[PDB]
Structures are given as structure tokens and as C-alpha cells.
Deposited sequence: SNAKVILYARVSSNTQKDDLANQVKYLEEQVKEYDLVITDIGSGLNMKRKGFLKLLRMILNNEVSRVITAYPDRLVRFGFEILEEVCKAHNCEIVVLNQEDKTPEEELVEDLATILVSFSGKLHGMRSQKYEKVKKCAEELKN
């Protein structure tokens, strides 16, 4: 029955340290703090993978996070099904994301590059539009 704090920033634009401080201020009793620097899209985050594996191994009673999108950009519902099945609770301290603009744009750009690759392989009329879109998002 570990109580865990998970904190994530896409980059330190100090922001991560401050997110941790806020969590620990809000949740005074906790066992472990896991952090990652990287995107919520990034499925290779070591902190996130450690945390997921711990939930699945029934070590975790509660994961506390500052905002809905600290854990993932997509698939929150899956993590919710996982937690519920392993008697783990996900607690998000604030109801609305406070996502920096650069994080959203960064994430969109990652996705668009991904899709252009998927569209390019087939040679879809749509490759160029998606490619242009990614470019425009960097301007």
C-alpha cells in the first residue's frame, strides 16, 4: 500500500522541483516520488514505466498527480481501469490541466510527424498537408 507522487515536466524551462514541492505540500504522507522529464506521449519514460509496473504488482494504494495530463496525454482511461483492478486510486489535485502552451504544441507536432510518416508510406494525397501543418506549428 505505497503512496506515490508522480511529477513530470516536458522540459525545465525550477519547474519540476516546484511541482514536487506542491505535491508534497498537498499530500504530506507519501512513500516515494517518481519524476520524469519528457512528454506524456513518451512511452519509454523510466519513472512512468517503474510506476506502471508497481501498480500492476499491487504495491500501490494511491498515485498523486498535479493535473490530469501529468501521467499521459492519451489513454488516461486505460490507466484508470488498471488502477481500479489493482486497488490503486489516481488522485489529480487540480481539475483543469495547466499545460504550458509549448508542451501542447510540442505534443501536437510529435503526433503530426508520426501521422505524416504513416501517410507517406502509402503515398496519400494528405501527406503534404500534414507535413505543412507540422512545419507551421514550429513557426
query: Which parts of the deposited sequence have no C-alpha atoms in the model?
result: 1 to 2, 16 to 17
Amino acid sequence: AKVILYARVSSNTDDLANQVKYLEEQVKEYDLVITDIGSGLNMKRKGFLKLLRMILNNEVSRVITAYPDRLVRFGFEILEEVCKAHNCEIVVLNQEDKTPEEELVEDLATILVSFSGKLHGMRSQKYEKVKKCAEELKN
From here on, numbers count along this sequence of modelled residues.
- prompt: Of 41 to 49 and 91 to 99, which one has the bigger average CA B-factor?
  reply: 91 to 99
statement: Binned into thirds over the chain's modelled residues, the C-alpha B-factor of residue 85 lands in the middle
- request: Please place residue 106 in the lowest, middle or highest third of its chain by C-alpha B factor as given in the entry.
  value: highest
- prompt: Taking the C-alpha B-factors as the PDB entry records them, is residue 21 in the lowest, middle or highest third of its chain?
  reply: lowest
task: Can you work out whether the C-alpha temperature factor of residue 78 puts it in the lowest, middle or highest third of the chain?
output: lowest
- line: In terms of its chain's C-alpha B-factors, the third that includes residue 66 is the highest
